[PDB]
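Positions of Cβ are generated from backbone atoms using ideal geometry, with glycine treated the same way; all protein chains shown enter the neighbour counts. Each answer follows from the model by the rule given with it, or from the source it names; nothing here is a laboratory result.
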There are 2 protein chains.
Amino acid sequence: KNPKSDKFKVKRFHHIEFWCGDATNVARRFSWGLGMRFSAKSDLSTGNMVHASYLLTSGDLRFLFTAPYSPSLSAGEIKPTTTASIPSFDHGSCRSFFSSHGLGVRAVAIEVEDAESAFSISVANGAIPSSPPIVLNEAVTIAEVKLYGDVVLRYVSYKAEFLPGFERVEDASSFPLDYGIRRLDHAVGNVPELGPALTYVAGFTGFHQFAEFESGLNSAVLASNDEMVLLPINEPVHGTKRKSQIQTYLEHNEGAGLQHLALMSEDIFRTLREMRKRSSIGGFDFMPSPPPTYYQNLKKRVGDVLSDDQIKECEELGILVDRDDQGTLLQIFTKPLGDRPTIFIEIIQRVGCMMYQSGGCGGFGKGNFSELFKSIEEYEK
Amino acid sequence: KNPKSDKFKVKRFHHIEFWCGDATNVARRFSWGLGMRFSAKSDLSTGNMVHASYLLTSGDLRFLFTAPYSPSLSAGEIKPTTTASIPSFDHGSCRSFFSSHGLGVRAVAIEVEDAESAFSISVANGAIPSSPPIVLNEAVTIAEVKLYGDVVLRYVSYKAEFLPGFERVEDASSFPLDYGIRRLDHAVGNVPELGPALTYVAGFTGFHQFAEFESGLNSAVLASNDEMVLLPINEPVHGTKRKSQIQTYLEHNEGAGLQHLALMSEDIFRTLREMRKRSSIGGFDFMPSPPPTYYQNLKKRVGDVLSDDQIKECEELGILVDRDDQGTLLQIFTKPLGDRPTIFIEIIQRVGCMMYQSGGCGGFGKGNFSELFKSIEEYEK
Ligand SMILES: Cn1nnnc1NC(=O)c1ccc(C(F)(F)F)cc1S(C)(=O)=O
Ligand SMILES: Cn1nnnc1NC(=O)c1ccc(C(F)(F)F)cc1S(C)(=O)=O
Ligand SMILES: [Co+2]
Ligand SMILES: [Co+2]
């Protein structure tokens, strides 16, 4: 069921912001690794004495990378006189985030009809405020509330190009890479206790539990009215033979934070071919492929959705497949994006549920846990 | 003249270590940008709970990238029980370095006959000690003294693979990139006062002033006995019409530090072709090309060293050329490697002074200051 209880008008995922120590190197590695173009900048060359911020785009997917300059550059400024293009930025908060968590996501940004109302209603409804609504050049309004750990849910709204004060990146610098990635499908947090995290977040958003379908985790998914903003949350299961990777996340991240970003591709086979070509030359590595038993059992499961050629192409690329009662899902996971075993990326493509495609079509790969266990067990013999 | 006054036996540049917030992303960007192979690692996968360190190699050039993990991972260790492969590493020192300087060089490492003696004689001769000599697995000895700002001169010596505790990187991960870079030619520091910096460093090394040949800087070059270890130092000139870029460095870096690394290529034309192909797809950008007047005046200067074809190839790639009384030098400079206008890279190739090639053959490009001024002046009209 879908009660459509959003307490304010939510549109779509707008951008994801990584807090970094050096934004240039992370941005350039991600661009090559994922096929995302440099499309806007806010830094010293644009008058910003506070932070360096570089935006990568692919389709509607926006990855923002931000790092602080030396505070001495802006020591004479005050908030009314700031040159920061993102007024919520804070040198100390940023350095503290990165030294506590390493490279990771600071802001999950969703676009809303009215960022001030969304902020006001949110905190009226239990949200811990993080940065009050601020109106940028009479054009854009931005506001932030705590989501979990040191991650904020950021609201953005436009009266009528990324943000004021950002400049388009010169086209000679902007090389039009594209490996097929098109938008953010879901952004997933890890926490020590699912219950209170769910209660808090659904409490101030009105997001409902997305209706779905013993190793690892327990999860639940929060979704907006049209279920295009999807915010799953995991917690660890303690005691198992294999140590919970959610617990490993919490230890290495120093607590709760964003675990994985799932990026929708319009052609997962082209995306995975292009990213795998670059794994060893600056891009991203992928988790170990499932054993061939897994693909031998795929025909009995999605033989009506994927031809024998498409299923063997899954085998080369290491793609996983799962299926709801309404759609089929193709998915694969990268290795951690940085030094720590914390944040990683998921590539997905959804087939089915056309009316546009409805959100979550196929679920999130729930069936692939038992299928992978049964496959390792079958293959071993 | 060359007094050969080294106070201890110095061999060659051994490696350069960057202190980072995330070593994975910097390392992967540098590898693609410069054509350096992943050759060794020390991290969680090798038992190191303290720091992540990744080594890139090209020829004899070794670039080490290191970042701290969460201190909680090693909270039960003490120095005798440490899992750090580089015993001089310190979480607080590293986080402080990166938050004060951003991405940059922490250690210039030279190999010496005996690292304990080199340390002892150095501090006996005025060197501020930074990390005392430590013997790694009865095989390698490492010691560190302050060089300038927060940069250390690191001594390494072997009784008889990078360091103990590092593992060779699996060849599937190791893609054999190579754009022709072969070794470190010189490593250059920026300081506010040349005099005391020279006095201190030459004081404890015995390095002599390398004998050489109004906009910017004043410099001098320190060299070892055979002049293969070259450590130039700059200071700003205040008052000029154009603000000294040494002063800009000092302000943005929060003080003294390593300004540029000069990497020797065995074929600067192949190197610059390969790096320029990648500038906009994750690699490095280059400083703006000199005006064509500069290349029109090149025939009158190195017409006997470079054919008309080689000089026009310089024009495409933006290469600078200079000439001593013994050799010719080809050089070009990258844009800053990271967010701040601080550290950058120089690519060079030296032609002449064969007996092997003697160090510094051609100088360091002194003549290119007046030649560039005269070129901008000539071209303008
Ligand atoms: C619940 N949820 N919400 N958003 N995403 C998710 N689940 C996943 O994406 C997911 C799906 C399948 C697997 C499996 F079985 F292949 F290992 C692992 C994950 S995993 C550990 O979490 O990455
Ligand atoms: C003295 N020294 N020691 N080691 N390296 C050096 N000099 C250089 O490499 C050098 C050489 C020529 C130019 C010029 F004229 F093209 F701008 C700029 C530099 S620069 C600012 O310093 O990068
Ligand atoms: Co997922
Ligand atoms: Co130089």
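Side notes on the structure shown:
- Checking each residue in segment A:264-284 for being part of a loop (DSSP other than H, G, I, E, B) and buried (at least 20 other Cβ atoms within 10 Å of the Cβ) picks out A:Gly282, A:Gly283, A:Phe284.
- Pairs meeting the criteria (first residue in segment B:21-36 and within 8 Å of another protein chain (Cβ to nearest Cβ), second residue polar (S, T, N, Q), beta carbons under 7 Å, at least 6 apart or on different chains) are B:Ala23/B:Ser53; B:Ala23/B:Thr66; B:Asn25/A:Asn25; B:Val26/A:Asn25; B:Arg29/A:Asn25.
- Verdict on B:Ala67 being in contact with a strand residue (DSSP E or B) (Cβ under 8 Å, 6 or more places away or on another chain) and within 13 Å of another protein chain (Cβ to nearest Cβ): yes
- Any hit, segment A:323-330, residues being of a type in the set (A, V, I, L, M), within 16 Å of the chain's Cα centre (by Cα) and within 12 Å of ligand 1 (Cβ to nearest atom): no
- Qualifying residue in segment A:240-255 (condition: among the hydrophobic types (A, V, I, L, M, F, W, C), more than 16 Å from ligand 4 (Cβ to nearest atom) and in contact with a helix residue (DSSP H, G or I) (Cβ under 6 Å, 6 or more places away or on another chain)): no
- Lone qualifier among B:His260, B:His208 - being more than 16 Å from ligand 3 (Cβ to nearest atom) and crowded, with 20+ Cβ neighbours inside 10 Å: B:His260
- Qualifying residue in segment A:38-48 (condition: facing chain B (nearest Cβ under 10 Å) and over 25 Å from B:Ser100 (Cα atoms)): yes
- Filter result for B:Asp322 (crowded, with 18+ Cβ neighbours inside 10 Å and within 30 Å of A:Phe65 (Cβ to Cβ)): no
Results for (1) within 12 Å of chain B (Cβ to nearest Cβ); (2) more than 16 Å from ligand 3 (Cβ to nearest atom); (3) of a type in the set (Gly, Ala, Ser), shown as yes or no for each residue.
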| position | (1), (2), (3) |
| --- | --- |
| A:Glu251 | yes, yes, no |
| A:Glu254 | yes, yes, no |
| A:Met264 | no, no, no |
| A:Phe269 | no, yes, no |
| A:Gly282 | yes, yes, yes |
| A:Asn297 | no, yes, no |
| A:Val305 | no, yes, no |
| A:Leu320 | no, no, no |
| A:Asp324 | no, no, no |
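- Output for segment A:212-255, where each listed residue is hydroxyl-bearing (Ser, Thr, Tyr) and within 20 Å of the chain's Cα centre (by Cα): A:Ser219, A:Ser224, A:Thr248, A:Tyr249
- Test: residue in segment B:356-368 that is more than 23 Å from B:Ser224 (Cβ to Cβ) and away from ligand 3 (no atom under 16 Å from the Cβ): yes
- Evaluation of B:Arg340 against (1) over 21 Å from B:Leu184 (Cβ atoms); (2) out of contact with any helix residue (DSSP H, G or I) (no Cβ under 8 Å at 6 or more places or on another chain); (3) within 14 Å of chain A (Cβ to nearest Cβ); (4) not acidic (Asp, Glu) (one fails), failing number: (2)
- In segment A:332-381, residue surrounded by the fewest Cβ atoms within 10 Å (Cβ to Cβ) [restricted to those that are among the polar types (S, T, N, Q) and not in a loop (DSSP other than H, G, I, E, B)]: A:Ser370
- Any hit, segment B:171-189, residues being more than 16 Å from ligand 2 (Cβ to nearest atom), within 14 Å of chain A (Cβ to nearest Cβ), over 30 Å from A:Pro288 (Cβ atoms) and surrounded by 21 or more Cβ atoms within 10 Å (Cβ to Cβ): yes
- Residue match in segment A:236-255 (condition: among the hydroxyl-bearing types (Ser, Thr, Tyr) and more than 22 Å from A:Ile332 (Cβ to Cβ)): yes
- A:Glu77, sole failed condition from (1) more than 27 Å from the chain's Cα centre (by Cα); (2) among the charged types (D, E, K, R); (3) farther than 28 Å from B:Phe97 by Cβ: (3)
- Among the residues here, A:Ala143 qualifies as away from chain B (no Cβ under 14 Å) and assigned to a strand (DSSP E or B).
- A:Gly303, sole failed condition from (1) within 29 Å of B:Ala23 (Cβ to Cβ); (2) among the small types (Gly, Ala, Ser); (3) out of contact with any strand residue (DSSP E or B) (no Cβ under 9 Å at 6 or more places or on another chain): (1)
- Members of segment B:232-288 that are among the acidic types (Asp, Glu) and under 26 Å from B:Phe98 (Cβ atoms): B:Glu235, B:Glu251, B:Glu254, B:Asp285
- Meets criteria (more than 30 Å from A:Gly21 (Cβ to Cβ), away from ligand 4 (no atom under 16 Å from the Cβ), more than 26 Å from the chain's Cα centre (by Cα) and not assigned by CATH to the domain that holds A:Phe13) for A:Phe373: yes
- Taken together, the criteria exclude A:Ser53 from residues that are assigned by CATH to the domain that holds A:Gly102 and surrounded by fewer than 18 Cβ atoms within 10 Å (Cβ to Cβ).
- Verdict on A:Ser58 being within 13 Å of another protein chain (Cβ to nearest Cβ) and either of a type in the set (S, T, N, Q) or more than 26 Å from the chain's Cα centre (by Cα) (or both): no
- Any hit, segment A:121-140, residues being part of a helix (DSSP H, G or I) and crowded, with 22+ Cβ neighbours inside 10 Å: yes
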